[PDB]
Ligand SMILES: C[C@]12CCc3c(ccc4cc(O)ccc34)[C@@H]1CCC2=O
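Take a look at this single chain in structure tokens; it is the form deposited without the named molecule.
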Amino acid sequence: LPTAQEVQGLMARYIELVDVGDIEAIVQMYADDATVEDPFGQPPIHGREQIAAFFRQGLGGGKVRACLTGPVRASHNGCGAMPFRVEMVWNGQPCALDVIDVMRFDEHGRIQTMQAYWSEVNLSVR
């Protein structure tokens, strides 16, 4: 499995691909066999058409920005969690959503599982 140092760099790059709004580059970082539980507690999303309809529904348009708000934590078993924020729109205006994702990386370096922790309690209108 990715080295912890490496799981870090796949996770900071991800915030990169999310932020520039490159949905296509976000959907190659995943596995055939992946789930998106986003937000965690919802069923999970799987299948490459499906997920890709997830990142398109959430980052299509451009107007979503996302940055790490502290360092990626990683393990030695190819996993890792990171804190970040997102600036987007809700109820017509500027909001922000605080987020931690946790990612499990398969033996090919692709997101085998991603889980995304947030809810309202992690929204601030601005």
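So that there is no doubt, residue numbering starts at 1 and follows the sequence shown.
Asks: Going by the B-factors listed in the PDB entry, is the mean over the C-alpha atoms higher for 87-95 or for 35-43?
Replies: According to the PDB entry, the answer is 87-95.
Asks: Can you tell me which stretch has the higher mean Cα B-factor, 78-86 or 54-62?
Replies: Taking the mean C-alpha B-factor of 54-62 and of 78-86, the larger value falls to 54-62.
Asks: Considering only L10, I23, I111, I15, which residue's Cα atom bears the greatest B-factor as recorded?
Replies: When the deposited C-alpha B-factors of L10, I23, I111, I15 are compared, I23 is largest.
Asks: Based on the entry's values, in what third of the chain does the Cα temperature factor of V121 lie: lowest, middle or highest?
Replies: Middle third, going by the recorded CA B-factors of the chain.
A second form of this protein, the form deposited with the named molecule bound, is not displayed here; the remarks below concern that form.
Asks: Which one, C79, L59, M29, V72, lies within 4.5 Å of the named molecule in the deposited bound form by heavy atoms?
Replies: Result of the distance check: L59.
Asks: Does any heavy atom of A34 come within 4.5 Å of a heavy atom of the named molecule in the deposited bound form?
Replies: Judged by the heavy-atom cut-off of 4.5 Å, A34 is well away from the named molecule in the deposited bound form.
Asks: Quick check on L10: any heavy atom within 4.5 Å of the named molecule in the deposited bound form?
Replies: Outside the cut-off, so no.
Asks: Even though the named molecule is not shown here, does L68 get within 4.5 Å of it in the deposited bound form, heavy atoms only?
Replies: Heavy-atom contact with the named molecule at 4.5 Å: absent for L68.
Asks: Answer for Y14 alone: is it within 4.5 Å of the named molecule in the deposited bound form, judged on heavy atom distances?
Replies: Judged by the heavy-atom cut-off of 4.5 Å, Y14 is in contact with the named molecule in the deposited bound form.
Asks: Would you give me the residues of 67-97 that have any heavy atom within 4.5 Å of the named molecule in the deposited bound form, in order from first to last?
Replies: The stretch touches the partner through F84, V86, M88, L97.
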